[PDB]
Amino acid sequence: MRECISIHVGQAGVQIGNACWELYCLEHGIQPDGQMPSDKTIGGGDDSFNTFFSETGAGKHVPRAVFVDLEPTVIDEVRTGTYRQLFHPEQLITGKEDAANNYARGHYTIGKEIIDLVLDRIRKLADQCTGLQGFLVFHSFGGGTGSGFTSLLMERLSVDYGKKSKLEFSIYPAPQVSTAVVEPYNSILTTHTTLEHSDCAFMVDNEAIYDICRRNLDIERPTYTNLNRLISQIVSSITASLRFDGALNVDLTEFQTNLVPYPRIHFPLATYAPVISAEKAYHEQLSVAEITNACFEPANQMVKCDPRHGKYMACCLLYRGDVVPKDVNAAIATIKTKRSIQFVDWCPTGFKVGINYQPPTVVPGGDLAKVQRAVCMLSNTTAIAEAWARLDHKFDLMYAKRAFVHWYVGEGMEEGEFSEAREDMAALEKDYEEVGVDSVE
Amino acid sequence: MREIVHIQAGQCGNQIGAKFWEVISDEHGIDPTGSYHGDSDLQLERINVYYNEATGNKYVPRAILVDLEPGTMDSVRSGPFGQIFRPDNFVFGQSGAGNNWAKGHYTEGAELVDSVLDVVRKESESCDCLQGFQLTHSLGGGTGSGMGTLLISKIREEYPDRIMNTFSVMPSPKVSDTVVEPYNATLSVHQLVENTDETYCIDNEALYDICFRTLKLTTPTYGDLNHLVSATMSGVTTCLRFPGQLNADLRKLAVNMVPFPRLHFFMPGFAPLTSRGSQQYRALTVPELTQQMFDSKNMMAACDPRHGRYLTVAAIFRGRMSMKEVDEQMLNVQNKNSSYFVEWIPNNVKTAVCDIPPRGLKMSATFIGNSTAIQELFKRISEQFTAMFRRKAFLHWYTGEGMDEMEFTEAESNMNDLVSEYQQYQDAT
Amino acid sequence: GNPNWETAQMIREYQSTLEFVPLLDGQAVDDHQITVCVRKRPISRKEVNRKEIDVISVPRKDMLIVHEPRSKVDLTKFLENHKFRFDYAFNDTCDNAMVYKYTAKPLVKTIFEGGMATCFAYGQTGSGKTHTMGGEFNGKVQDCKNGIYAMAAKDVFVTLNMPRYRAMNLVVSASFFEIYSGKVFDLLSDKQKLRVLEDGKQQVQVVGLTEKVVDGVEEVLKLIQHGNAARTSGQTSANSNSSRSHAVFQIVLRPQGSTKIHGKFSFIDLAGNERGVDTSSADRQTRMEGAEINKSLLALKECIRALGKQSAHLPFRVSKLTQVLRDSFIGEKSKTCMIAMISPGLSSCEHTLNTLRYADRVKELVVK
Ligand SMILES: CC(=O)O[C@H]1C(=O)[C@@]2(C)[C@H]([C@H](OC(=O)c3ccccc3)[C@]3(O)C[C@H](OC(=O)[C@H](O)[C@@H](NC(=O)c4ccccc4)c4ccccc4)C(C)=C1C3(C)C)[C@]1(OC(C)=O)CO[C@@H]1C[C@@H]2O
Ligand SMILES: Nc1nc2c(ncn2[C@@H]2O[C@H](COP(=O)(O)OP(=O)(O)OP(=O)(O)O)[C@@H](O)[C@H]2O)c(=O)[nH]1
Ligand SMILES: Nc1nc2c(ncn2[C@@H]2O[C@H](COP(=O)(O)OP(=O)(O)O)[C@@H](O)[C@H]2O)c(=O)[nH]1
Ligand SMILES: [Mg+2]
């Protein structure tokens, strides 16, 4: 049976893992103590699907999850919370000190000597599965372990596994609001191994989801509990075809074939249709043509990024629930008519529709409610290049002044590592200028 | 987990420290006898940080007390919490410093540092992993200026990779409680540039100002100036001890907060500070805490922050909050104050949000900020110093204890280079 | 035949594209208050037996270009044109005598004009530092006959014996250092930590420095046999050894009735972390001394760029390697030299570019 290995890294990765595994346990019926008392009433069905859940003989279910953060403070919430007895008790903590927001403590100093517990734990976990693999990595750019330790975890998993698909779901630094002053240093050093090893890098952002939680959801004070559920609804309908029974399922290998033209332009900028309130769950039809047109306006992109100032290359409409496959093509010939939704010449096909027909469920405790259908559009546009130039500019403004850099080179890393990461991002931004421009004859 | 050793030098040091371990105790819910009688189970997870265990359910702070020259001994022992410190830690001698630097660093310090470091090593190896060495000392004095910076010359020597925070009470432009005071500041800032990762510049005038201009206290005693310092001292290590939503160690601060290795002299703020009974005419919200933190009359270093550009600042928020009102209030201040910050840094402010408030409050904060406006605390001393040193005024009480004239010119050359590396970034470019 | 020939195929095509005007010995020397020396070593005998591609093109006397095997977004290989400007760009055909035009240097003339000057030696392992300063081009015993430290010893000692300069009655004194993690030792006695203070007349003096009034040329080169006696400072590695501290071998110009010095002349061994930092080694002493080398090297890069791009906040007390050498930089009739060794190989192309951009922070634009 096809399966994934969800490897959360950092505090951002573990905090998202609080709610991704809160969502999975409610869809399948698994209580916070491993049992399945929902399907015992009916008496049939293996709904704790082996994509995400190892099953032991005593009826208990164990996830495929391992997470490393180099700080006990985050995981001790998991080891004392509601999901204490659910997970396996090897949630790898062992950090005698936090990374302190740098890539050099990090890829080199304390990420090493803890990685020996990490890779052996994945080998003890990967060898229980027959069939498809895929590493669902969860981290953030800008942090210390989400940037540094993931970079060590990719070059040590692109060797012991080779050509396996790696979907890594990174939280990207916002161009206007940054919760650290050294976050432009970490989010340029982590690109040098995201570009090489991880085949598909889902970037989301915190400011573009703040506006969604204010405008659509109408929440005036959104905490980090209410942001991570919206990423959790996205991550569910990315790996929904591996579990549920759809009319057009899209495997994790079918992303790599479709979303990714060239081996170094894999940054596809997820979206969703979260216009539930749920006061506005009435007053509104929410048909197939409605939720597909939610991707038109740049007030619903999950990244602070304007798609109208760039081409598209390839999109991937992934539906949920009561979707009829006829209504989809009405909502696609419409989009290919609109002249600001701009494509390149070299991709005339455009779209790809994955219709799963299990409806998205509702986490009790807010903040949206039971809609009958959804969409998670994944589209690598050319417009993500202007989202990086507002981050190379933050790097270059404090690289001329030689600021903050004695805590990077005084931890094992050489000071020449920074310009090696600048010559990628200068040349990787140069790649998006060529691909969007068509050739004339 | 991550563990801190607290050292107390100078008579200013343990007086802050005796109030310090009362704020820490009531934050964890711990009685004078060390017996835990707390409300919840959430404040036992990091007792390990400040309080190592004892035999029957009792907790002892890892508090070395260098400063108990015996005039202060039987007041700290005969105090509120004299039955909480381990009595072998009370390390002292006889014939204290005499408001003299050379009688802290060269003569009585050399015959006491061996008895201190024999207890420092016995409190390091009773720990899983150390990072923190808090030193509560004061400039200007005797023990707190010569012997307080003799240990940092030794403890950083035996531990080159620990975060060394020294909450250094500094002299004042008007309040002159020591005649020799521009000597004990020049000779001690010369030590605290080389040997610390961070050091907090606290003055008594800006603590006298808050108790009159804001807290409206009739007679602010010395307890009520230390009760404001200690509310910052338990505000830097909050994310160590308590869970949060965006944690910050003593090292995520001191990697962000410091651009260049000499520019680590901080000014600490605190909010909410206000004066009431139980009827106060306001509302504790996230935009309410923000304006008070950045207000120029709620610093502690007694310099004008609008005279210079903030290099970078850190706002360690506590209590239950919302991260959008945190990340957007920290944005609008940076835009309204575009000249008051440094232009050539992307985002200056960082955020740190814990999840447990203080006992009585609903929310709180701590403004730790690195500014070029602290050039004024070093220019005033360097004018008072070269006025005294030109006449060779008080030097025969120092050269008569072993020093030389060529260490005084070494110390003023180092402090005058901080002012050069603060006037630069205060200028625009 | 060769597996990697194609990357080198475009390299053989690039060498006919531009105009090769290299550096020949005997050209004029301008002022150049701050010089940056970059030397390319020749191809060794092991490299041709290993299929090694030369990737270091030297087209000018002030320009050096390094190629790199990369790919487009269509998996199409091309060569990146790393374009660097030096002063002083040297060929691999350069013998040490052509380097003697520029490193047996006219700054020793500045020593005798009442000014002071210094010189640096930066590089990686297997790059030519074994043939320049700390041991020279000689083989099984690297003794000082063929490289810089021997020939500069003839520029200092023998030149002042001219009667214009011999009438000044000037003598020679030497003094060796050891710059550890905030520690300024002496190589005459290993257990002598000397404090760095400063007199009231604004001269940073290492307190209590022992000198020797020595000698002719043949004996002053044998002082390093006492200098490298301690094997500074406690190496524990694979390719033993590589110095963790830094050596400052000062040669001082002074008269006899003096108590008056002008013409301090110093050599620096910028030896650091060439091999990657063994963080698998759980020895805490390695990280505590391996870290402070890099922050000392960042001090020396940062200090010189504020000397070229002049300002009034000149960074000195970030470490002690700059603090000891504070007087020799800020002299009025003072100049500064800095040497960078280069490794030819493709397998060390990542370690070569790190050494090149280290010697780039004087802001030289490629006018071309
Ligand atoms: C009815 C009510 O809400 O009363 C408040 C109160 O009125 C005010 C004015 C308190 C009060 O504080 C002071 O008046 C004060 C006295 C000396 C030095 C500093 C302050 C209060 O005494 C202080 C007390 O603080 C705490 O309980 C905190 O946990 C605080 N604790 C201590 O400082 C402490 C005092 C005695 C014994 C043990 C601990 C703390 C703060 C930071 C870190 C750890 C602990 C609080 C909220 C109040 C009173 C009781 C009136 C204020 O101070 C603090 C520290 O909260 C002064 O401005 C704030 C705003 C509060 O609303
Ligand atoms: N959406 C979301 N973002 C988070 C969360 N926690 C942190 N972040 C963001 O992640 C970035 C900070 O990185 P962290 O993950 O906190 O850092 P870390 O990986 O623990 O690394 P160090 O603390 O530096 O060792 C900032 O941009 C935060 O806004 C979270 O729970 N949810
Ligand atoms: N905040 C505070 N300042 C103090 C206290 N006691 C002394 N001072 C200040 O400390 C300085 C005098 O040094 P002191 O600690 O008494 O001298 P020492 O015993 O030689 O270190 C002066 O600036 C005093 O205002 C105190 O309990 N609290
Ligand atoms: Mg963290």
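Method of determination (from the header): electron microscopy, 3.8 Å.
Just so it is clear, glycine is given a Cβ too, placed from its N, Cα and C backbone atoms.
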Task: Segment assigned the feature motif 'MREC motif' in Swiss-Prot (from A:1-4, A:133-136, A:137-140, A:265-268) - done: A:1-4
Task: A:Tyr282 (3'-nitrotyrosine) and A:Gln15 (GTP binding site), Cα-Cα, nearest whole angstrom - done: 32
Task: Neighbouring C-beta atoms (10 Å sphere around the C-beta of A:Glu254 (active site)) - done: 15
- [ ] State which of the following recorded positions has the fewest other Cβ atoms within 10 Å around its Cβ: A:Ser140, A:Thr145, A:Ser232, A:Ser439.
- [x] A:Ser439
- [ ] Going by DSSP, give the three-state secondary structure for A:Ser439 (phosphoserine).
- [x] coil
Open item on the list: Distance check, please: Cα of A:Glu71 (Mg(2+) binding site) against Cα of A:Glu254 (active site), rounded to an integer number of angstrom.
Closed with: 36
- [ ] Check A:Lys40 (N6-acetyllysine) against DSSP and tell me helix, strand or coil, would you?
- [x] helix
Task: A:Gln15 (GTP binding site): tally of other CB atoms within 10 A of its CB - done: 23
- [ ] With A:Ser48 (phosphoserine) as the reference Cα, tell me which of the recorded positions A:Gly10, A:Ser140, A:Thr145, A:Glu254 is the closest one.
- [x] A:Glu254
TODO: Starting from the Cβ of A:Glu71 (Mg(2+) binding site), draw a 10 Å sphere and report how many other Cβ atoms land inside it.
DONE: 24
- [ ] Provide the list of recorded positions among A:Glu71, A:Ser140, A:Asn228, A:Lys326, A:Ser439 whose C-beta sits under 8 Å from chain B at the C-beta level, in sequence order; use 'none' for an empty result.
- [x] A:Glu71
Task: Nearest recorded site to A:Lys370 (ubiquitin cross-link) by CA-CA distance, among binding-site residues A:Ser140, A:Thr145, A:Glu183 - done: A:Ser140
- [ ] May I ask for the distance between A:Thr145 (GTP binding site) and A:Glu254 (active site), taken between their Cα atoms and rounded to an integer number of Å?
- [x] 30
